[PDB]
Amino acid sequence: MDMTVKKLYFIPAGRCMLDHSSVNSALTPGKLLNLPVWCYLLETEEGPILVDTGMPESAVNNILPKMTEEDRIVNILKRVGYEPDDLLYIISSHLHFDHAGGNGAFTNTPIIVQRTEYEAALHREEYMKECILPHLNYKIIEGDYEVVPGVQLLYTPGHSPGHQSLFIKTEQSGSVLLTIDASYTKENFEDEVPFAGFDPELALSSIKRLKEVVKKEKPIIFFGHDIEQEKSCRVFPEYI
C-alpha cells in the first residue's frame, strides 16, 4: 500500500486583484475581485514537498498583486520552518506569476513542471522571467505523474499550456483534489462556468477529465482562487 501524505498544509501567499470577468467570462468588465493566492506544503515520508511558490518579490508593495514582505516564499519558508534545500521537490502547477514567482529561491531542489508549460514559459509574453529562470534544477515531465506515494499530478492543460492539478491522499482526510487554476471557483468546475485561460476548450476537457476522477474517487476538492471557500479552509499551522 502506498503511504499517504502525513500533513497537507494550506498556506496563504498574498492576494491578487482581477476584473470579475476572470472567474466568469459572461460578467460585464468593470468590477474588481480580490482573489487568494495559495501554496501548499506536503509532509511525506521521503520529505517535505512544496506546491507553488507565490508571487515575485517585484510584486511586494507594487492584474494588481496585493503582496507584502510576509508573502515572499522565503518568509513563508521561515514560518513553516524550512530552508529551500530542505524541500524534497517543488511542484509548479504552472508558471503564471502567482504560482512560480518564488521559484528562484530553490536552486537545488528539483522543480517538477510540465514540458508544455516549461516550453511555453520560454517563449510566451505573459511569462515573467522570475518564473522561468534558466538554471534551476527542472524536472520536466509530460502528462500524469506520481511524485511520491500519496502525491499525484493530473495533467490539466487549458488555463495555461501545461497546467497541472494535484490528487493527494492524506492520513487525516483521505483523497483530496487541488484543482489549482483548472477551476478558480466551485462553479467553474461543477457548473462549467467559463473563466480566464489560454485555451478554454482544452480547459473544459480538463474539467471533464477531473470529473471522471471525482466520480471514481469522491475526493474533497479545493479550488484555485475561490473567495467563498477560502475562509473555511484549515490553514497553516493547521493541516488536513
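We number the residues from 1 along the sequence you see.
Unmodelled deposited residues between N62 and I63: 10 or more, per the record. Checked against the record, the higher mean CA B factor of 78 to 86 and 91 to 99 lies with 78 to 86.
177 to 185 and 65 to 73 differ in mean CA B-factor, and the higher of the two is recorded for 65 to 73. You'll see in the entry that, of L50, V213, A26, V37, the Cα B factor peaks at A26. Looking at the C-alpha B-factors along this chain, the one for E125 belongs to the highest third. Sorting the modelled residues of the chain by their CA temperature factor places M17 in the highest third. When the modelled residues of the chain are ordered by their C-alpha B factor, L8 lands in the lowest third. In the PDB entry, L32 places in the highest third of its chain by CA B-factor. In the deposited entry, the Cα temperature factor of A196 places it in the highest third of its chain's modelled residues.
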